[PDB]
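Report on the structure given below.
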Amino acid sequence: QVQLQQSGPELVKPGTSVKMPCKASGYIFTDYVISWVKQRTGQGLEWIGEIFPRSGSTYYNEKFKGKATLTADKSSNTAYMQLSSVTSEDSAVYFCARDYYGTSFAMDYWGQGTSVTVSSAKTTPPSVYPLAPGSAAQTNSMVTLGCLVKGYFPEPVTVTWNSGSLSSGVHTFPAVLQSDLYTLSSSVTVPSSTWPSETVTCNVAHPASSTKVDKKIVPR
Amino acid sequence: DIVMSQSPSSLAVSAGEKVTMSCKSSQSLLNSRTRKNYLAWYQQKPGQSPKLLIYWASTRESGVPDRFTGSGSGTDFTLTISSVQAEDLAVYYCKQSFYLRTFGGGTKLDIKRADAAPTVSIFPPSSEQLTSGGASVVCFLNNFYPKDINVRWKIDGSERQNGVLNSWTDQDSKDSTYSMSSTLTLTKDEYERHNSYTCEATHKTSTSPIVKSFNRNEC
């Protein structure tokens with residue numbers, strides 16, 4: 001099948017440049033144009049520009065002239081986009097697309113997207129804190145516990161509860177930046193019986209800082 | 001410079017219902033030669049790359065259901081979804097391809113469900129955090145509909161504005177609800193100084209707000 005494969009998330013310091021691939025497979029690379037598209041987290045799609053792979057020829061949206069340079073490498077079937085002197089305004093997910101055959105001018109095959117975060121911040125292991133209620137629960141129903149990952153950079157962390165068994169009634173929340181450090185939180189609700197009778201452990205992993213932290217929920 | 005304008009920015013409807021949205025061009029996207037409008041429609045689900053639904057104003061790509069129906073011409077185009085399902089939760093983008101390419105700002109689509117009031121829970125800071133130099137109080141306003149919610153902090157009964165950080169999930173796929181983490185953040189001293197902490201939550205489900213609280217004194 002037709003496939004476009006883009007690389008994983010990149011963290012880059014302001015002022016530098018970032019060059020990202022879109023590797024093509026399953027069709028004649030030279031026949032179709034490759035479009036590039038930007039998306040800031042929670043925001044809309046923005047067209048960067050198109051490249052004609054055999055030709056080498058490019059068209060840009062005014063706004064990205066000077067910021068984005070698109071290339072092709074026929075021998076690799078790999079398209080590249082490079083952004084120069086990056087500011088945090090270039091932090092975003094960037095997609096490549098192949099335009100469909102015909103006069104269609106529509107984008108039927110998409111890459112997965114490559115994530116760019118621009119920041120002068122530095123690797124920081126998360127601080128995990130177990131979140132226990134203040135007073136004991138009444139007899140009935142369910143009790144909600146928590147875990148609060150604070151102080152990490154860059155994204156992401158992965159929170160799970162009791163090594164993944166507990167999937168029902170979890171809510172891990174989107175991270176929010178606080179002065180170069182992310183803080184997020186997870187909640188877990190459980191039967192009033194199981195806590196504090198049983199053990200509850202949040203498992204917070206940060207691939208970026210080489211850190212895994214298993215932390216147990218204690219009531220007092 | 002063909003600009004695209006989309007409306008409404010955000011929408012809710014209940015399952016099995018039908019919904020419609022407009023994309024508006026700043027130029028004619030028909031061509032005299034060919035007699036086709038260069039406007040397509042995309043659907044983007046969370047954590048996913050966009051997916052083309054319709055091209056040439058009105059042509060479904062393979063596997064696009066009949067419920068999805070794009071239409072219009074010239075400058076006024078419209079996407080339409082009938083028997084809307086839980087799996088149609090997405091943002092929907094139009095895109096002009098007459099000259100270069102330009103995307104609409106999008107329309108967000110959320111499932112409607114029965115108004116449920118949030119289950120609230122408050123949590124004092126942790127020993128380990130207290131030790132380190134800080135002190136955070138966290139509130140959870142879990143599993144509620146509608147999306148619009150007012151959180152409210154009180155220390156010894158007097159509202160607190162500064163030091164508060166909120167984070168929201170997108171609509172849950174399964175249970176069609178939203179949830180929220182409100183985090184009041186303090187210092188050791190200030191936290192240890194006052195005594196009772198309160199989370200207040202006003203949601204159209206109730207005129208009197210939902211209140212949870214803890215007194216530091218107890219344990």
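Ligands are numbered from 1 in the order shown, chains are lettered A, B, ... in the order of the structure tokens, and residues start at 1 in each chain.
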
* Near residue 75 in chain B, counting only C-alpha atoms, which residues have an atom at most 8 Å away, once you skip same-chain residues fewer than 4 positions from it, shown as a PyMOL selection string? -> chain B and resi 24-29

Could you save the residues just selected, with C-alpha atoms, as a PDB file, in the first residue's frame?
```pdb
ATOM      1  CA  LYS B  24     -17.132  30.133   2.729  1.00  0.00           C
ATOM      2  CA  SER B  25     -14.576  31.134   0.116  1.00  0.00           C
ATOM      3  CA  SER B  26     -13.133  34.572  -0.610  1.00  0.00           C
ATOM      4  CA  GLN B  27     -13.180  33.806  -4.346  1.00  0.00           C
ATOM      5  CA  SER B  28     -14.845  31.639  -6.932  1.00  0.00           C
ATOM      6  CA  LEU B  29     -13.536  28.051  -6.818  1.00  0.00           C
TER       7      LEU B  29
END
```

* **Shell of 6 Å around range 26-38 of chain A, only C-alpha atoms, local chain residues under 2 positions omitted, as a PyMOL selection string** => chain A and resi 1-2+45-54+77+94-98

Saved selection, atoms kept: C-alpha atoms, as a PDB file, in the first residue's frame:
```
ATOM      1  CA  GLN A   1       0.000   0.000   0.000  1.00  0.00           C
ATOM      2  CA  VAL A   2       0.756   3.676  -0.466  1.00  0.00           C
ATOM      3  CA  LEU A  45      -4.361  23.200   9.697  1.00  0.00           C
ATOM      4  CA  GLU A  46      -2.156  25.591   7.784  1.00  0.00           C
ATOM      5  CA  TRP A  47      -0.776  24.876   4.329  1.00  0.00           C
ATOM      6  CA  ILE A  48       2.966  25.394   4.082  1.00  0.00           C
ATOM      7  CA  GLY A  49       3.732  24.557   0.426  1.00  0.00           C
ATOM      8  CA  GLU A  50       3.966  21.963  -2.389  1.00  0.00           C
ATOM      9  CA  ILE A  51       7.004  20.342  -4.085  1.00  0.00           C
ATOM     10  CA  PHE A  52       7.212  18.555  -7.507  1.00  0.00           C
ATOM     11  CA  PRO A  53       9.607  15.713  -6.728  1.00  0.00           C
ATOM     12  CA  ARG A  54      11.149  15.050 -10.228  1.00  0.00           C
ATOM     13  CA  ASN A  77      11.914   8.545  -2.277  1.00  0.00           C
ATOM     14  CA  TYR A  94       3.925  19.031  10.736  1.00  0.00           C
ATOM     15  CA  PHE A  95       2.273  16.636   8.245  1.00  0.00           C
ATOM     16  CA  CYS A  96       3.171  15.683   4.662  1.00  0.00           C
ATOM     17  CA  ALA A  97       0.507  14.779   2.164  1.00  0.00           C
ATOM     18  CA  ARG A  98       0.287  13.300  -1.289  1.00  0.00           C
TER      19      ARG A  98
END
```

* Nearest to chain B among A:163, A:6, A:187, A:87, with distances taken over only C-alpha atoms: which residue is it? ->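 Nearest to chain B: A:187.
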
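In this comparison, which uses only C-alpha atoms, the residue of B:80, B:10, B:167, B:58 approaching chain A most closely is B:167.
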
* Asked: Quick one: residues within 8 Å of residue 195 in chain B, only C-alpha atoms counted, chain neighbours fewer than 3 positions away excluded, as a PyMOL selection string?
  -> chain B and resi 155-156+191-192+215-217

Please save N, CA and C atoms of the selected residues as a compact mmCIF listing (two decimals), in the first residue's frame.
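Written out: selection.txt:
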```
# COMPACT_ATOMS: atom_id res chain seq x y z
N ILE B 155 -9.85 29.84 50.51
CA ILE B 155 -9.03 29.61 51.68
C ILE B 155 -9.60 30.42 52.84
N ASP B 156 -10.05 29.67 53.86
CA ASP B 156 -10.83 30.16 55.01
C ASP B 156 -12.02 30.96 54.54
N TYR B 191 0.21 27.84 52.76
CA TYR B 191 -0.56 26.62 52.94
C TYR B 191 -0.74 26.24 54.43
N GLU B 192 0.38 26.09 55.14
CA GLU B 192 0.34 25.81 56.57
C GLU B 192 -0.35 26.90 57.40
N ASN B 215 -10.54 20.66 55.86
CA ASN B 215 -9.82 21.44 56.87
C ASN B 215 -8.46 20.79 57.10
N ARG B 216 -7.39 21.58 56.99
CA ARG B 216 -6.02 21.05 57.14
C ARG B 216 -5.83 20.31 58.48
N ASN B 217 -6.42 20.89 59.54
CA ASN B 217 -6.37 20.40 60.94
C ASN B 217 -6.53 18.88 61.06
```

* To do: With a distance threshold of 7 Å and counting only C-alpha atoms, extract the residues of chain A near chain B and express them as a ChimeraX atom specification.
  => /A:44-47,104-108,110,112,129-134,144,173-174,176,220

Taking N, CA and C atoms for each residue, export the selection above as a compact mmCIF listing (two decimals), in the first residue's frame.
```txt
# COMPACT_ATOMS: atom_id res chain seq x y z
N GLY A 44 -5.80 24.95 14.06
CA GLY A 44 -6.15 24.49 12.75
C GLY A 44 -4.98 24.14 11.87
N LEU A 45 -5.32 23.64 10.69
CA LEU A 45 -4.36 23.20 9.70
C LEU A 45 -4.01 24.39 8.85
N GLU A 46 -2.74 24.48 8.50
CA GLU A 46 -2.16 25.59 7.78
C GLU A 46 -1.29 25.00 6.68
N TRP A 47 -1.55 25.38 5.44
CA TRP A 47 -0.78 24.88 4.33
C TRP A 47 0.55 25.59 4.21
N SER A 104 -8.04 16.24 -9.09
CA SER A 104 -8.65 16.30 -7.74
C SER A 104 -8.16 17.44 -6.84
N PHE A 105 -6.84 17.60 -6.79
CA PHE A 105 -6.18 18.60 -5.94
C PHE A 105 -6.51 18.44 -4.42
N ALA A 106 -6.79 17.21 -4.01
CA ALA A 106 -7.14 16.87 -2.65
C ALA A 106 -6.05 15.96 -2.11
N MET A 107 -5.97 15.86 -0.79
CA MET A 107 -4.89 15.16 -0.11
C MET A 107 -5.37 13.84 0.49
N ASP A 108 -5.23 12.76 -0.26
CA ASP A 108 -5.81 11.49 0.14
C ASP A 108 -4.87 10.64 0.97
N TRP A 110 -1.83 10.71 3.95
CA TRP A 110 -1.19 11.56 4.94
C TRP A 110 -0.17 10.81 5.72
N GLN A 112 1.94 10.56 9.42
CA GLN A 112 1.45 10.59 10.82
C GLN A 112 1.68 11.89 11.51
N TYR A 129 3.96 12.96 42.93
CA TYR A 129 3.38 13.10 44.26
C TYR A 129 2.06 12.36 44.28
N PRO A 130 1.88 11.43 45.24
CA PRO A 130 0.61 10.72 45.34
C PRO A 130 -0.41 11.63 45.98
N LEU A 131 -1.65 11.55 45.52
CA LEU A 131 -2.69 12.44 45.97
C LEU A 131 -3.68 11.57 46.66
N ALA A 132 -3.77 11.82 47.96
CA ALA A 132 -4.63 11.14 48.90
C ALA A 132 -5.74 12.12 49.38
N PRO A 133 -6.99 11.65 49.53
CA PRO A 133 -8.01 12.49 50.19
C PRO A 133 -7.67 12.83 51.66
N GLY A 134 -8.35 13.86 52.18
CA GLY A 134 -8.10 14.42 53.52
C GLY A 134 -8.77 13.63 54.63
N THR A 144 -12.03 8.66 44.81
CA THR A 144 -11.18 9.11 43.71
C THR A 144 -9.85 9.43 44.31
N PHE A 173 -4.75 14.05 32.33
CA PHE A 173 -5.11 15.37 31.79
C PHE A 173 -4.03 15.91 30.91
N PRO A 174 -4.40 16.77 29.94
CA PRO A 174 -3.35 17.37 29.13
C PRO A 174 -2.45 18.25 30.00
N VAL A 176 0.09 21.19 31.10
CA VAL A 176 0.09 22.64 30.98
C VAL A 176 1.44 23.18 31.43
N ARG A 220 -3.18 8.53 55.18
CA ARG A 220 -3.02 9.50 56.28
C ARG A 220 -2.17 10.70 55.85
```

* **DSSP strand (DSSP E) residues within range 2-208 of chain A, listed as JSON, numbers by chain** => {"A": [3, 4, 5, 6, 10, 11, 12, 18, 19, 20, 21, 22, 23, 24, 25, 34, 35, 36, 37, 38, 39, 46, 47, 48, 49, 50, 51, 52, 57, 58, 59, 60, 68, 69, 70, 71, 72, 73, 78, 79, 80, 81, 82, 83, 92, 93, 94, 95, 96, 97, 98, 99, 107, 108, 109, 110, 114, 115, 116, 117, 118, 127, 128, 129, 130, 131, 142, 143, 144, 145, 146, 147, 148, 149, 150, 151, 152, 158, 159, 160, 161, 170, 171, 172, 176, 177, 178, 181, 182, 183, 184, 185, 186, 187, 188, 189, 190, 191, 201, 202, 203, 204, 205, 206]}

* as an MDAnalysis selection string, which residues of range 44-151 of chain B does DSSP assign to alpha helix (DSSP H)? -> chainID B and resid 127:132

Which residues come within 12 Å of residue 181 in chain A, counting only C-alpha atoms, excluding same-chain residues fewer than 6 positions away, as a CSV table (one decimal) with C-alpha atoms, in the first residue's frame?
```csv
chain,number,residue,atom,x,y,z
A,119,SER,CA,12.6,25.7,23.8
A,120,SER,CA,15.7,26.7,25.7
A,121,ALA,CA,14.5,24.4,28.5
A,122,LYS,CA,16.5,21.4,29.6
A,123,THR,CA,15.7,17.7,30.4
A,124,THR,CA,14.0,17.5,33.8
A,125,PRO,CA,12.8,14.3,35.4
A,126,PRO,CA,9.2,14.4,36.6
A,127,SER,CA,8.4,14.8,40.3
A,149,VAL,CA,3.4,14.8,37.9
A,150,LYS,CA,5.1,18.1,38.1
A,151,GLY,CA,8.3,19.6,36.9
A,152,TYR,CA,9.1,17.7,33.7
A,153,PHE,CA,10.4,18.7,30.3
A,154,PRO,CA,10.1,17.8,27.5
A,155,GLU,CA,6.8,15.9,26.8
A,156,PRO,CA,5.5,13.4,27.2
A,175,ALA,CA,-0.1,18.9,30.4
```

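Reported to one decimal place, the separation of CA of residue 45 in chain B from CA of residue 19 in chain B is 17.2 Å.
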
* **For CA of residue 164 in chain B and CA of residue 148 in chain B, the interatomic separation in Å (one decimal)** =>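 Distance reported for this atom pair: 17.4 Å.
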
* Asked: Between B:86, B:199, B:21, B:116, which one has atoms that come closest to residue 71 in chain B, using only C-alpha atoms?
  ->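 Nearest to residue 71 in chain B: B:21.
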
* By how many Å are CA of residue 79 in chain A and CA of residue 5 in chain A apart? ->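 Computing the Euclidean distance for CA of residue 79 in chain A and CA of residue 5 in chain A yields 10.2 Å.
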
* Asked: What lies within 8 Å of residue 16 in chain B using only C-alpha atoms, ignoring chain neighbours under 4 positions off, as a VMD selection string?
  -> chain B and resid 82 to 85

Restricted to C-alpha atoms, what would the selected residues look like written as a JSON list (two decimals), in the first residue's frame?
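The resulting file, again_37.json, is shown below:
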```json
[["chain", "number", "residue", "atom", "x", "y", "z"],
["B", 82, "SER", "CA", -27.03, 12.60, 9.09],
["B", 83, "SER", "CA", -27.42, 9.74, 11.67],
["B", 84, "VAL", "CA", -24.31, 11.18, 13.37],
["B", 85, "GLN", "CA", -22.47, 8.56, 15.44]]
```

* Asked: Can you tell me, as a PyMOL selection string, what residues are no more than 10 Å from residue 84 in chain A when counting only C-alpha atoms, ignoring any on the same chain fewer than 5 positions away?
  -> chain A and resi 14-19+66-69+90
